[PDB]
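Take a look at this one chain, the form deposited in one PDB entry, written out in structure tokens.
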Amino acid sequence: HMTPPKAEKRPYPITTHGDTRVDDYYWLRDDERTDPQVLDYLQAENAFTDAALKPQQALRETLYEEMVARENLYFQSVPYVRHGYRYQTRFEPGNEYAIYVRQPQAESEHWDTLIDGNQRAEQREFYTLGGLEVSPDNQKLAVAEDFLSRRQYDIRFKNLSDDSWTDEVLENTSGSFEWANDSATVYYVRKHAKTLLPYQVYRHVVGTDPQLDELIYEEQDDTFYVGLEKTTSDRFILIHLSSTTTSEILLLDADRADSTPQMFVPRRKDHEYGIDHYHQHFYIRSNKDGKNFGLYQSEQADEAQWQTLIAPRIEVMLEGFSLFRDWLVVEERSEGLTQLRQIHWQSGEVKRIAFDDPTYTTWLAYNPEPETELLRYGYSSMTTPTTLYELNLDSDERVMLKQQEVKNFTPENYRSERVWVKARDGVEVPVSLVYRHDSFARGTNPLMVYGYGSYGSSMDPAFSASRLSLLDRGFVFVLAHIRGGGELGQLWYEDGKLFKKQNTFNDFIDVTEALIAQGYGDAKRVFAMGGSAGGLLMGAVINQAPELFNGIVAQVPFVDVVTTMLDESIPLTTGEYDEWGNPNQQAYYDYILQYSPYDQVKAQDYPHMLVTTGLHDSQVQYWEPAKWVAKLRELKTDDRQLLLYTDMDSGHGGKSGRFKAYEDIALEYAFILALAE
């Protein structure tokens, strides 16, 4: 019926390595966000989406209501103790924002408000709490707050004795800060005025004019993120410098005045390490000897003095560790599972935390105090809502502390499986899938295949309450653990980036084909979704295998890859050469161009698709999805649905931000369910 918007063509040649690409929609980029023709095209596409999806309003209402109805809007966090006070976070249905309270550990009856987000948000357009930490002496509260929605945090200080605020504000910070052991001095990270990258460490005396703050360290290489940590021992504040491939840590004496940074190990390309300090030793997680990392103990910084505790192994990725009085606990991945292991400091006794589920995730949770035998760890699975456990490392007593509450939900109604797919190169690709038992009939059920597949980020199998809206309408929901993710460790990531990036897309197609061939779903009703680098995934797979999928949701998709990666004026570009490569080199230009979705759009039939973008940063700048839709409209030969939805709000923290997230999920799910009907 309806005529879609048609963006003006303004042929804009880009010549690299002698190769001229003509971009008809280069003009949809407006960094200044002034050009009224660009806004007319975004607004025209929103109006088309609104018009095309108007018949799905009733369904969107049904989905939104059923998703909000699963959630308990009275939520209290699990209390934790730190430095002799107990802390809890409270959510009431009448409150937009969380209230943070505390009480002395020996107290039970009375709680004191530490900070009330609703009061802080008064007379402001936006509020996000970026971090909160009381001083070691329990007398001062430090808060990192964003009132402007730009993820630039102001740090402020409250005197807890009289609930008065000090007069100063630390502005344009990352929100990363640490208290010196004097409860008087804080270190914090300042972001660059132009690029907004974290790049300087300052020392601030609480109460004083920030003009007096001392510059402690400035990072020269803006591919290196600057963060602060504090050791388990409280003896050092760490300046933690890291790029995608390379680490460097500087130590600040937390106890003495006028500390200067003390080098740990000088950076060297492709050596990633992280440290802690406890029991008069350094503990180092390092890939110096193996890509899957090892754990080392040292008396001193010198890498030559590091003693092997856990050697790197080909079949086990070491992800992290926590230190306790009698135990080392490590987080690992092996055979496509997350795992926790504990090793006694004295006996060497090893214990493995046991589970019984084919598709779960486990991780170290918050453990702020090391002088304990109690470990807090998280658990989730495709069938079991997210749970916090407390384990006695000595007795093995496992106690549930909190469960995610899911109303209108019977877990036995659902079944999950781990499936391994032999990919086209013979590599085994893990898959995690969940469906409703009583509506399952082999070969008949719609599939929704979800993937990410970049940066070594894992799509670990875990519970989703919103997902029940698809499962209760007959969908089989699939996580495809494709190369470029981290599910099989560092080599799984490296076999899906740079000159191996195509394996990400091939794996997603190979998994989809196998699940259809094996009877998990209806070949005619296969749907897929991904966002950001998962949107790059959507874009590449529909160019390469357009007939596989009935319909696609591509959220804030990275699709103009070659043009974006040729332009350092674009925020992320300078930090992403070690992900996609640098197309200033003809070898990377050719390899990337082969899959760059914007460049490989062809005159062929595509699946139905809903594409999203936003103005307010996103990883991906708003223009890439807009150009992509304009090009698809011009070239595609089918008459299927193609919609672009551009978020024009600036975005709320607190309850109505979650309200918004549910509205977006209901719009995407109604789009998919209407196609499956």
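We number the residues from 1 along the sequence you see. Note that the rigid core is defined as the largest set of C-alphas that superpose within 1.5 Å between two forms.
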Residue stretch of maximal mean CA temperature factor, 357-365 vs 341-349: 341-349
Quick check on the record: does 405-413 or 86-94 carry the larger mean Cα temperature factor? 86-94
Reading the B-factor column of the entry, which of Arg525, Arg235, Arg268, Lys140 has the highest value at its C-alpha atom? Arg268
Note to self: of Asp599, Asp112, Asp326, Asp495, the C-alpha temperature factor tops out at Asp112
Chain thirds of CA B-factor: placement of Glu624: lowest
By its CA B factor, does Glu663 count among the lowest, middle or highest third of the modelled residues in the chain? middle
Third of the chain's Cα B-factor distribution that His204 belongs to, per the entry: middle
On the chain's distribution of Cα B-factors, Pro461 falls within the third called lowest
Relative C-alpha B-factor of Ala423, binned into the chain's lowest, middle or highest third: middle
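Not pictured, yet referred to below: the form deposited in another entry.
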Which one of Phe477, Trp306, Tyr187, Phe549 is the only residue whose C-alpha moves by 2 Å or more between the shown form and the other one, after superposing on the core? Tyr187
Classify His652 as shifted (yes) or not shifted (no) between the shown form and the other one, where shifted means its C-alpha moves by 2 Å or more with the rigid core superposed. yes
Taking the rigid core as reference, does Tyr589 move its C-alpha 2 Å or further between the shown form and the other one? no
Tell me, please, whether between the shown form and the other one the C-alpha of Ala441 is shifted by 2 Å or more, with the rigid core used for superposition. no
